[PDB]
Amino acid sequence: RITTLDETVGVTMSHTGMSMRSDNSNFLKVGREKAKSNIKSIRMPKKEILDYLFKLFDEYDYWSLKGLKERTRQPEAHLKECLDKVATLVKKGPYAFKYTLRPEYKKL
Amino acid sequence: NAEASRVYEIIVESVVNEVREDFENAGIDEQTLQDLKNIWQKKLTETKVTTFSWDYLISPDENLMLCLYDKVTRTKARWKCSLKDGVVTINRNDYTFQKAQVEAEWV
Amino acid sequence: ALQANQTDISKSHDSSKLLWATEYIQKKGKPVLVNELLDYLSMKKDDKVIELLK
Amino acid sequence: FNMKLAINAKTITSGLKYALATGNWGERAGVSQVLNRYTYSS
Amino acid sequence: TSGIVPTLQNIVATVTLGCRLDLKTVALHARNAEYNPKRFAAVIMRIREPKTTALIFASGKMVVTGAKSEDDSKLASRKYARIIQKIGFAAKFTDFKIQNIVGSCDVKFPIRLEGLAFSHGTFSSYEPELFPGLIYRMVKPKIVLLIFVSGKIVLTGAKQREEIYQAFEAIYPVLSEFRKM
Amino acid sequence: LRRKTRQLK
Amino acid sequence: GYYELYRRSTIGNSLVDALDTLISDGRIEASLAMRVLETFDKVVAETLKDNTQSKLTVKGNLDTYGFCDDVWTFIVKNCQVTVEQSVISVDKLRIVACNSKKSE
Amino acid sequence: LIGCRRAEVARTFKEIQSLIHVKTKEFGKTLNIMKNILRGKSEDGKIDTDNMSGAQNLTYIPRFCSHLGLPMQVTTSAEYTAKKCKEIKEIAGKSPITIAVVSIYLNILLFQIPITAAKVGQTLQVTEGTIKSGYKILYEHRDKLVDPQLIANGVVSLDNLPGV
Amino acid sequence: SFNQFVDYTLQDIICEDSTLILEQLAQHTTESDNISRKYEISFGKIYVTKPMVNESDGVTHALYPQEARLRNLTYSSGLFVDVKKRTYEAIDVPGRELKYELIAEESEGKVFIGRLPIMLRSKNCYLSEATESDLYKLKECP
């Protein structure tokens, strides 16, 4: 048979609704898990990241924006200026959404 | 300090045992290892540091501590530093420490 | 300190040298002889970067 | 993840209360009626 | 009327130099420097004789804090500028403006925070579950006061020594009206 | 790609 | 990567003196000496991390502090240093500390 | 929170946070902004009464006592103790939650109900050290924190209160 | 009928779809993120309290039929269920079946799932254990 609680109703309900006690469970704490990690970077001079980008492009010729932020570890604001100055984004080609070196320097 | 002497012996032994592979790559003779060991040991004993088995701007004899810091904080006049795995030289005497606490007041 | 900080013009890759040369050229009102370019980058002899620029 | 918001007790509570207060046996008619207290036999 | 003049604890001042600085060079060639780009985008330095802290940015802007007087703040800013000049960067004293004045005092008696919050509800904001002090936003002069049960008053927001004194003089009567027991 | 979130019975 | 600060210690200074003397003698290559220093950093880091248990504390007054490139630098004047027992009085102790978390 | 206060059923910051995941700084800033907006619209276009006050520790005591399962007599005694607790300057500055919890604990030990501070603080999410510390301050004025009618009738006297 | 329902059918109903499992696959984007997780929520036993009412201020107390009738309150009791929250994870090597393993995170508490109206003179009602004198005291007609 079902089990009936003989304790005081208020005591049994103390854990329900807006309760003072804060939950100590760690289940489905995806927000905590991914929010705890956070790292930023400085604007190193363009003259170095530029050669770094050339070697990275030599490694691979079609490289995404998220991967670029991860690998170079630079802010998007600064990264975009040099990336547009040296490379261009192919929007209609099969490798869409991927920044690639402009043909002017690629064809060398 | 017996611990300092033991650690120094370990360091020298590890260095000489590990550099052999690179030395053979360079094609240098075996006796060079003995010469390096001898000269290094003579320098250590010459320093006489410990007993051995053998303005607003920035401008041996000077006491110096070289280590790593785990966490450093301050409260408005006081600095607390937690250091680990370091070596210190004070008044020509060398000591080694796994952990250390620095509690100073910045006047 | 700034003299030490200034980086040698010998960049890792020739494309960087070419890009800097192109920018320096574009920021001039009138054409600049090869002498100005040589004063810019310390490559007096015939350089592959210069050839690529041509 | 908050369990207090994951599980809403009002679902069960309001569903049962509605189905019993009204005769609409959902979320058939006349399943529940006000008890007659006019007399004991009634 | 009160007979007590609140004492200025803190002074926040801002100065400009009009020249670009090299934070790396300043950190390497400065006695007390803290250059942590991951932490902040400026160099933190401190000086002892005025006992003041300055935040120096790469744009030539300096923020001095900790001074206990206007002339002391002026002296500290001048010494900071002289230190940078000795480092070598072209730094010239320019507009020096005190952007904040903080003062403290005590009325020497308990104050009914609930009474103040109820009577003056257009300026006070009392939430004892977060901070144990009532917050009074005086409109003229535009200043913020922190009133505590222990009878201690903290004034912050004044730009000159006159405004803080005026605010204390204007707040003393309403504080005295609500004395416990 | 999948929906990265699915119910298994 | 491992820090090179250990070259400033007594053992590091003696090693540098020996290697440079041999270089002057011409019996060792300079690049080989650089390799020796690189391996010295590794061995010193490992042995100091794994083969020590002593703890010492220093209390005094700071005379100058600084932080740059994840390298703290303190100068404590008129300090007392205790190891495990016996206190040592130091007029001026310079401390240079690198980040505990090795930068890859 | 504003609605709960306006309905005379005011809840606490922690209680609302237990459901809504918002940090204290943002919650307080938004609450102040909303109160200012309500005041501005009440003037230009009532809204607030004695209930709008912040502390209002009396309203919390019945619910905490219900959570602990204490009888209504103990609840009323705790309400009286909390009401008279504001006369002590050493305690009036404390948080209303702490004031109510300490009063409830004092009445619990007055009536010798077998509930320890370790469980009182666990149920009401308050540090046991804080509870006992507040009890220390209130013990020096226990005489003014007990109902004269209760002590005269003799349900319990001042004696049943251990002091450290 | 009501006693049978409350005694057995509630547990039987909850023991049909007790387990709800959501699987987050590898989502291969980089070699540093190749673990696949599985979150499971399971329902165990069910507990039922005595008839209770919570007031506006948040105070809860036992409710009797007379007070319910007078105050227009629903004569009902709360239902509680034990919930187990498990989470498994596995290394999703490409082109192979997974082996889900517990990650030492198995939380386990009673969760309120609503109020069940209680038929009078039932096993879960207050008047089933009341004698004639008790009914007279409680203002109920024997």
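cryo-EM is the method the PDB entry lists for this structure, together with a resolution of 3.2 Å.

(A) Highlighting the overall build of chain H. In terms of regular secondary structure, chain H is built from 10 helices and zero strands. Along chain H, helices and strands appear, N-terminal first, in the series α-α-α-α-α-α-α-α-α-α. Considering only C-alpha atoms, chain H reaches an extent of 55 × 30 × 30 Å along its principal axes. Looking at chain H as a whole, 48% of its 164 residues are labelled buried. The average position of the 22 basic charges and that of the 15 acidic charges among the side chains of chain H differ by 6 Å.

(B) Focus on the sheet that holds strand β2 (residues 63–64) of chain A. Residues and elements named next belong to chain A. One open sheet accounts for three strands, arranged β2-β4-β3; its pairing is antiparallel. Strands with a single pairing partner mark the edges of an open sheet, and in this sheet they are β2 and β3 (87–90). By the bridge criterion, four bridges tie β3 to strand β4 (residues 98–101) in an arrangement that is antiparallel. Its bridge partner being in β4, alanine 87 is matched across the sheet by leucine 101.

(C) Structural context of the interface of chain G and chain B. In this complex, chain G contributes 57 residues to the contact, which on the side of chain B involves 58 residues. Looking at the side of chain G facing chain B, the largest losses of area belong to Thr10, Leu56 and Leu62 of chain G, adding up to 11% of the total buried there. Our count for the contact surface shared by chain G and chain B stands at three salt bridges. For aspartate 22 of chain B, the salt bridge goes to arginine 35 of chain G, with nearest N and O atoms at 2.8 Å. Between chain G and chain B we count 21 residue pairs in polar contact in total. Those elements that place two or more of their residues in the side of chain G that touches chain B are α1 (10–25), α2 (30–50), β1 (55–68), β2 (71–83) and β3 (86–99) of chain G. When grouped by side-chain class, the residues that make up the side of chain G that touches chain B number 29 nonpolar, 17 polar and 11 charged. The pairing of strand β1 (residues 64–74) of chain B with β3 of chain G spans six bridges and is classified as parallel. Residue pairing across strands places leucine 68 of chain B opposite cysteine 98 of chain G, the latter belonging to β3 of chain G.

(D) Representation of the side chain of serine 5 of chain B within the structure. Residues and elements named next belong to chain B. For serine 5, the location among the structural elements is in helix α1 (residues 2–26). For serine 5, a relative accessible area of 8% puts it in the buried group. In contact with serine 5, other than residues within four places in its own chain, are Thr50, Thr51 and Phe52.

(E) Structural context of the arrangement of the chains. Contacts between protein chains span 14 pairs of chains, and they are most numerous for chains B and G. Here chain D and chain G are not in contact; the least distance found between their C-alpha atoms is 32 Å.

(F) Representation of the pattern of salt bridges. Taken as a whole and judged by the stated rule, the model has 31 salt bridges over all chains. As a salt-bridge pair, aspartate 41 of chain G and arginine 7 of chain G come within 3.6 Å of each other at their nearest N and O atoms. With a gap of 34 residues between them, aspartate 41 of chain G in helix α2 and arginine 7 of chain G in the segment before α1 connect regions that are remote in the sequence. A residue is classified by how much of its surface remains accessible, and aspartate 41 of chain G, at 1% relative accessible area, is buried. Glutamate 67 of chain I is the salt-bridge partner of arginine 71 of chain I, the closest N and O atoms lying 3.2 Å from each other. Of this pair, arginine 71 of chain I and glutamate 67 of chain I both sit in helix α2 (residues 65–71), four residues apart, which is roughly one turn of that helix. Here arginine 71 of chain I falls in the partly exposed class, since its relative accessible area comes to 39%. Relative accessible area serves as the criterion here: at 26%, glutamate 67 of chain I is assigned to the partly exposed category. Through salt bridges with shared partners, one network takes in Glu4, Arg7, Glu38 and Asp41 of chain G.

(G) Examining the nonpolar core more closely. If you look at the biggest cluster of nonpolar residues, it comprises 55 residues, and the most contacted ones within it are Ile111, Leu145, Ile147, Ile153, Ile171 and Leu175 of chain E. It is helix α4 (residues 161–177) of chain E that provides the largest number of residues to this core, a total of six residues. Split by domain, this core shows at least three residues from each of two domains, domain 1 (1–12 + 99–181) and domain 2 (13–98) of chain E. Setting aside residues up to four positions removed in sequence, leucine 145 of chain E forms contacts with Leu134, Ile135, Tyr136, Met138, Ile153, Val154, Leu155 and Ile171 of chain E. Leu70, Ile91, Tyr135 and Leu161 of chain H belong to the second-largest nonpolar core, a separate cluster that totals 41 residues.

(H) Structural view of α1 of chain B. Residue and element names in this part refer to chain B. With 25 residues, α1 should reach 36 Å at 1.5 Å per residue; the first-to-last C-alpha distance of 36 Å fits that figure. Maximum bend of α1: about 35°, positioned at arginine 20. Here α1 starts with a cap whose side-chain oxygen sits 3.1 Å from the backbone nitrogen of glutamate 3, and that cap is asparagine 1. Phi turns positive, to about 75°, at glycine 27, one or two residues after α1.

(I) Spotlight on the packing of helix α3 (residues 46–59) of chain A against helix α5 (residues 76–86) of chain A. Residue and element names in this part refer to chain A. Running from N to C, α3 and α5 cross one another at 60°; their axes reach a closest spacing of 11 Å. On the basis of the axis angle, α3 is oblique to α5. The chirality of how α3 crosses α5 is right-handed. Residues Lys46, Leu53 and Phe54 of α3 form the contact with α5, whose own contacting residues are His78, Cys82, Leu83, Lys85 and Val86. Partitioned by chemical class, the residues of the contact of α3 with α5 number five nonpolar, one polar and two charged.

(J) View of the interface of chain I and chain D. Listed as interface residues are 12 residues of chain I and, on the opposing side, 10 residues of chain D. On the chain I side of the interface with chain D, the three residues burying the most area are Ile113, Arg115 and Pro117 of chain I, jointly 36% of the side's total. Counting the contacts that link chain I with chain D gives one residue pair in polar contact. If you list the elements that add at least two residues to the side of chain I that touches chain D, you get β5 (76–91) and β7 (110–117) of chain I. Considering every element that reaches the side of chain I that touches chain D, the biggest residue donor is β7 of chain I, with seven residues. Taken together, the residues of the side of chain I that touches chain D sort by class into seven nonpolar, two polar and three charged.

(K) Summary view of the packing of aromatic side chains. In total, this model carries 24 aromatic pairs over all chains according to the counting rule given. Between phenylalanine 93 of chain E and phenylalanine 96 of chain E, the aromatic rings sit 6.3 Å apart at their centres with planes inclined by 25°, giving stacked as the arrangement. When the centroid spacing of 6.3 Å and the interplanar angle of 55° are considered together, the rings of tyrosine 135 of chain H and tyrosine 139 of chain H count as tilted. Here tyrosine 135 of chain H and its partner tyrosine 139 of chain H are both found in helix α9 (residues 128–139), four residues apart, which amounts to about one turn of the helix.

(L) Looking closely at the pairing of strand β2 (residues 78–90) of chain B. Residue and element names in this part refer to chain B. Of all 13 residues in β2, 10 are buried, a share of seventy percent or more. Bridging between β1 and β2 involves nine bridges; their strand directions are antiparallel. In the strand pairing of β2, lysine 71 is matched with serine 82. Between β1 and β2, which follow one another and run antiparallel, lie three residues, and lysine 76 among them has a positive phi close to 65°. Examined bridge by bridge, β2 and strand β3 (residues 93–106) share 12 bridges and lie antiparallel to one another. Opposite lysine 80, over in β3, you have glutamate 103 as the bridge partner.

(M) Seen up close, the pairing of β1 of chain G. Pairing analysis gives eight bridges linking β3 of chain B to β1 of chain G, with the strands arranged parallel. What sits directly across from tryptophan 106 of chain B, in β1 of chain G, is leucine 62 of chain G. Two strands pair when backbone bridges link them, and strand β2 (residues 33–35) of chain E and β1 of chain G are joined in this way by three bridges, in the parallel orientation. From the neighbouring strand, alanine 33 of chain E faces β1 of chain G, where its bridge partner is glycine 66 of chain G.

(N) Here's a closer look at the packing of α1 of chain B against helix α2 (residues 31–47) of chain B. Residues and elements named next belong to chain B. For the pair α1 and α2, interaxial distance at closest approach is 11 Å and the crossing angle is 155°. Classified by the angle their axes make, α1 and α2 are roughly antiparallel. Along this stretch, α1 crosses α2, giving a crossing that reads as right-handed. Taken together, the residues of α2 that come into contact with α1 (itself represented by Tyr8, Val12, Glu13, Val15, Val16, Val19, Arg20 and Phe23) are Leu33, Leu36, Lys37, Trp40 and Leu44. Grouping the constituent residues of the contact of α1 with α2 by class yields 10 nonpolar, no polar and three charged.

Cut-off values and rules
- Residues numbered from 1 in each chain as written, not as in the entry; some residues may be left out.
- Chains lettered and ligands numbered in written order.
- Part of a larger assembly, values for the part shown.
- Heavy atoms only, no water.
- Residues with missing side-chain atoms left out of burial classes, pairs and counts.
- Helix = DSSP H or I, 4+ residues; strand = E, 2+ residues; numbered from the N terminus.
- Buried < 20%, exposed > 50% of the residue type's maximum accessible area, 1.4 Å probe, protein only.
- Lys, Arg positive; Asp, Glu negative; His and termini not counted.
- Charge placed at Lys NZ, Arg CZ, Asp CG, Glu CD.
- Pairing = 2+ DSSP bridges.
- Contact = heavy atoms within 4.5 Å.
- Buried area = accessible area lost by both parts, 1.4 Å probe.
- Salt bridge = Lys/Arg side-chain N within 4 Å of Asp/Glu carboxyl O.
- Polar contact = N/O pair within 3.5 Å; in protein donor to acceptor, adjacent residues only side chain to side chain.
- Nonpolar A, V, L, I, M, F, W, Y, C, P; charged D, E, K, R; others polar.
- Core = buried A, V, L, I, M, F, W, Y, C linked by side-chain atoms within 4.5 Å.
- Domains from an automatic or database assignment.
- Expected span 1.5 Å × (residues − 1).
- Bend = angle between axes of the 7 residues up to and from the residue.
- Axes fitted to C-alpha atoms, helices over the stretch in contact; angles between N-to-C directions.
- Parallel < 35°, antiparallel > 145°, perpendicular 65-115°, else oblique.
- Left-handed = near helix turned anticlockwise from the far one by under 90°.
- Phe/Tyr/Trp six-rings, centres within 6.5 Å; stacked < 30°, edge-to-face > 60°.

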